[PDB]
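*Asks:* For reference, the structure I am asking about is given below.
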Number of protein chains: 2
Amino acid sequence: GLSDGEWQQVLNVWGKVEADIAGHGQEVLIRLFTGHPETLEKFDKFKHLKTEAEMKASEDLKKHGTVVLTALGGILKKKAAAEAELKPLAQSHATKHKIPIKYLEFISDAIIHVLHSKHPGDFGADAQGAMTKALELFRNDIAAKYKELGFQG
Amino acid sequence: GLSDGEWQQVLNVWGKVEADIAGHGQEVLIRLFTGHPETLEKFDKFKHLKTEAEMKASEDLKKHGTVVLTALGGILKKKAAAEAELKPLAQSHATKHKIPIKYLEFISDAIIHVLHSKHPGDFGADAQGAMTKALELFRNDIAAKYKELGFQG
Ligand code: HEM
Ligand code: HEM
């Protein structure tokens with residue numbers, strides 16, 4: 001995992017990418033296609049390009065580079081936000097409170113029960129299965145962070 | 001993980017929790033502490049709480065329930081958002097474009113390369129390391145989705 005400052009670093013440098021996304025996207029695809037020409041075969045629009053000069057002149061390749069870095073930007077920003085919610089919890093519950101994963105399971109079961117009890121009409125089998133999985137993913141994500149922090153169980 | 005359908009069911013029920021969060025939080029903690037007294041032992045600040053009546057009368061247990069469910073809501077909402085960005089990309093790159101993980105490694109290195117070339121003074125070792133790690137997590141996250149989809153990346 002990344003630390004808090006490392007995630008902010010990622011976001012800061014993506015700010016610079018977005019300030020000139022056309023140029024960044026061009027240079028990234030050109031670096032890819034020249035360093036690793038076998039990757040060009042995947043692109044039915046680009047594979048005919050042979051030289052870096054041709055790649056720089058391609059309007060299609062510039063557009064795609066922007067598509068790619070836009071999508072990656074969103075992925076990174078939303079991953080960082082998710083980790084910003086999870087990390088503080090993992091940190092306190094591993095280091096100060098010392099809460100085993102099993103106990104997170106117990107509270108998960110309690111949540112599921114209270115939901116089913118209070119909202120039987122809106123928390124049928126499909127919903128209940130979805131929440132079960134969501135809380136399991138949450139526990140697995142916390143467990144991994146625990147391990148990094150030197151807290152096992 | 002979950003589908004977008006399953007994340008929607010999760011987020012929909014969570015709106016009903018938010019509607020009446022204090023009661024939900026109280027009932028979750030009481031269910032937990034009553035089923036699992038060992039969990040109550042972890043709350044040195046709730047050691048005065050011996051019976052259901054006392055738990056129900058506690059200012060601070062009610063406030064804590066709300067803190068817990070508000071934090072979990074944020075974790076779930078931001079996790080769902082992160083997944084909703086990553087899943088479509090994994091899906092197309094697995095099923096349609098058939099992009100090996102190795103090629104995702106190549107573009108990752110290209111990104112790092114271009115960032116260093118364009119921001120030589122700003123993108124030093126520590127920032128490069130942060131970005132290296134974030135792209136590795138991105139690739140691992142894709143890989144996990146590839147497997148769900150039956151694609152060998
Ligand atoms: C950072 C990594 C990547 C991101 C964020 C990214 C993103 C995207 C996006 C947003 C699209 C358009 C929508 C879609 O089909 O999903 C796309 C299309 C595509 N991607 Fe990727 N991609 C990445 C890596 C790769 C790599 C390494 C390859 C091949 C070596 C590749 C091959 C393709 C192909 C062939 C298309 C369809 C292009 C077209 O016909 O217009 N992608 N990519
Ligand atoms: C869904 C699971 C959980 C969430 C979202 C959660 C959230 C929180 C939050 C937001 C705080 C306040 C800030 C902090 O210290 O990190 C907190 C404190 C705390 N939590 Fe949790 N928690 C969860 C599960 C548990 C479980 C299962 C236990 C114990 C068995 C536990 C024990 C504690 C303790 C002891 C504190 C400190 C209370 C104090 O003395 O003020 N947590 N938790």
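Every chain in the structure tokens has a letter given in the order shown (A, B, ...), and although residue numbers restart at 1 in each chain, ligands are simply numbered from 1 in the order shown.
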Find the residues near ligand 1. Use a cut-off of 7 Å, count only C-alpha atoms and all ligand atoms, and write them as a list in words.
*Replies:* residues 39, 40, 42, 43, 44, 45, 67, 68, 69, 71 and 72 of chain A; 88, 89, 92, 93, 97, 99, 103, 104, 106, 107 and 108 of chain B
*Asks:* For the selection just defined, write its residues with N, CA and C atoms to a file, as a short mmCIF file (atom, residue, chain, number, x, y, z; two decimals), in the first residue's frame.
*Replies:*
```
data_model
loop_
_atom_site.label_atom_id
_atom_site.label_comp_id
_atom_site.auth_asym_id
_atom_site.auth_seq_id
_atom_site.Cartn_x
_atom_site.Cartn_y
_atom_site.Cartn_z
N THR A 39 3.13 -4.16 -28.89
CA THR A 39 1.87 -3.55 -28.45
C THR A 39 1.05 -2.81 -29.54
N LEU A 40 1.72 -2.32 -30.54
CA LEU A 40 1.02 -1.64 -31.64
C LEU A 40 -0.03 -2.51 -32.40
N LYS A 42 -2.24 -4.39 -31.44
CA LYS A 42 -3.58 -4.38 -30.82
C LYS A 42 -4.49 -3.28 -31.31
N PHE A 43 -3.92 -2.25 -31.93
CA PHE A 43 -4.62 -1.02 -32.31
C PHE A 43 -4.84 -0.97 -33.84
N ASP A 44 -6.07 -1.27 -34.30
CA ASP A 44 -6.31 -1.38 -35.72
C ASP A 44 -6.19 -0.01 -36.34
N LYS A 45 -6.30 1.05 -35.55
CA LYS A 45 -6.00 2.40 -36.09
C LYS A 45 -4.56 2.83 -36.11
N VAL A 67 -7.88 9.81 -24.07
CA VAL A 67 -8.86 8.82 -23.55
C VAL A 67 -8.27 7.97 -22.46
N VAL A 68 -7.07 7.43 -22.75
CA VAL A 68 -6.39 6.56 -21.81
C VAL A 68 -6.06 7.28 -20.47
N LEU A 69 -5.39 8.44 -20.57
CA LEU A 69 -4.97 9.10 -19.34
C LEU A 69 -6.14 9.70 -18.56
N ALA A 71 -9.11 8.14 -18.38
CA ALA A 71 -9.66 7.02 -17.67
C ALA A 71 -8.79 6.63 -16.52
N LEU A 72 -7.47 6.58 -16.71
CA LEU A 72 -6.56 6.18 -15.64
C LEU A 72 -6.65 7.21 -14.48
N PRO B 88 -15.34 -1.38 -15.79
CA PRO B 88 -15.59 -1.39 -17.26
C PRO B 88 -14.32 -1.55 -18.09
N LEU B 89 -13.21 -0.97 -17.58
CA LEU B 89 -11.95 -1.07 -18.22
C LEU B 89 -11.48 -2.46 -18.17
N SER B 92 -13.61 -4.57 -20.76
CA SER B 92 -13.29 -4.46 -22.19
C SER B 92 -11.91 -4.99 -22.52
N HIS B 93 -10.96 -4.74 -21.61
CA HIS B 93 -9.59 -5.14 -21.88
C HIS B 93 -9.43 -6.64 -21.74
N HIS B 97 -10.39 -6.52 -26.08
CA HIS B 97 -9.05 -6.21 -26.54
C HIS B 97 -8.02 -7.32 -26.15
N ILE B 99 -5.91 -7.80 -23.43
CA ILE B 99 -4.65 -7.15 -23.10
C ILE B 99 -3.97 -7.87 -21.95
N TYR B 103 1.45 -6.20 -20.85
CA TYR B 103 1.31 -4.98 -21.63
C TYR B 103 0.90 -3.81 -20.75
N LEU B 104 0.10 -4.10 -19.70
CA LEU B 104 -0.23 -3.08 -18.73
C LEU B 104 1.04 -2.66 -17.97
N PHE B 106 4.03 -2.61 -19.36
CA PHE B 106 4.74 -1.75 -20.30
C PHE B 106 4.20 -0.32 -20.32
N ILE B 107 2.88 -0.16 -20.30
CA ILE B 107 2.33 1.19 -20.35
C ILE B 107 2.54 1.91 -19.05
N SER B 108 2.53 1.16 -17.96
CA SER B 108 2.87 1.71 -16.63
C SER B 108 4.26 2.31 -16.64
#
```
*Asks:* Once you count only C-alpha atoms, which residues of chain A turn out to be within 6 Å of chain B? Could you give them as an mmCIF file with C-alpha atoms, in the first residue's frame?
*Replies:*
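Writing the result to out17.cif gives the following:
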```cif
data_model
loop_
_atom_site.group_PDB
_atom_site.id
_atom_site.type_symbol
_atom_site.label_atom_id
_atom_site.label_comp_id
_atom_site.auth_asym_id
_atom_site.auth_seq_id
_atom_site.Cartn_x
_atom_site.Cartn_y
_atom_site.Cartn_z
ATOM 1 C CA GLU A 6 2.275 8.929 -1.319
ATOM 2 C CA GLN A 9 1.860 12.717 -4.493
ATOM 3 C CA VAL A 10 0.002 10.626 -7.040
ATOM 4 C CA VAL A 28 2.925 7.940 -23.312
ATOM 5 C CA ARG A 31 6.934 5.619 -25.593
ATOM 6 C CA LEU A 32 4.888 2.459 -25.442
ATOM 7 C CA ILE A 75 -9.336 5.302 -11.552
ATOM 8 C CA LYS A 78 -11.271 7.199 -6.946
ATOM 9 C CA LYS A 79 -8.858 4.588 -5.628
ATOM 10 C CA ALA A 82 -11.361 4.928 -1.139
ATOM 11 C CA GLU A 85 -11.518 6.372 4.047
ATOM 12 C CA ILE A 107 -20.097 -6.450 13.807
ATOM 13 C CA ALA A 110 -24.843 -7.595 13.558
ATOM 14 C CA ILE A 111 -25.237 -4.998 10.785
ATOM 15 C CA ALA A 127 -29.704 -7.394 -1.162
ATOM 16 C CA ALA A 130 -24.745 -8.067 -1.809
ATOM 17 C CA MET A 131 -24.215 -6.566 1.646
#
```
*Asks:* Can you work out the spacing between atom 43 (N, counted along the ligand's line) of ligand 2 and CA of residue 121 in chain A in Å, to one decimal?
*Replies:*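 About the pair atom 43 (N, counted along the ligand's line) of ligand 2 and CA of residue 121 in chain A: they are 29.2 Å apart.
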*Asks:* With distances taken over only C-alpha atoms and all ligand atoms, which of B:65, B:150, B:100, B:124 is nearest to ligand 2?
*Replies:*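 Looking only at the distances to ligand 2, the closest residue turns out to be B:65.
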*Asks:* Rounded to one decimal, what separation in Å do you get between CA of residue 139 in chain B and CA of residue 146 in chain A?
*Replies:* 21.8 Å
*Asks:* Tell me, as a count of residues only, which residues lie within 8 Å of residue 145 in chain A, counting only C-alpha atoms; anything in the same chain fewer than 2 positions away does not count.
*Replies:* 10
*Asks:* Closest to ligand 2 among B:51, B:34, B:140, B:152, using only C-alpha atoms and all ligand atoms?
*Replies:*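 Among the listed residues, the smallest separation from ligand 2 belongs to B:34.
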*Asks:* For residue 19 in chain B, which residue out of B:95, B:116, B:66, B:49 is the nearest one, using only C-alpha atoms?
*Replies:* B:66
*Asks:* Would you compute the distance between CA of residue 37 in chain B and atom 2 (C, counted along the ligand's line) of ligand 2? Give it in Å to one decimal.
*Replies:*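 Spanning CA of residue 37 in chain B to atom 2 (C, counted along the ligand's line) of ligand 2 is a straight-line distance of 16.2 Å.
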*Asks:* Which residues in chain B does DSSP call alpha helix (DSSP H)? List them as an NGL selection string.
*Replies:* :B and (4-19 or 21-35 or 37-41 or 52-57 or 59-95 or 101-118 or 125-149)
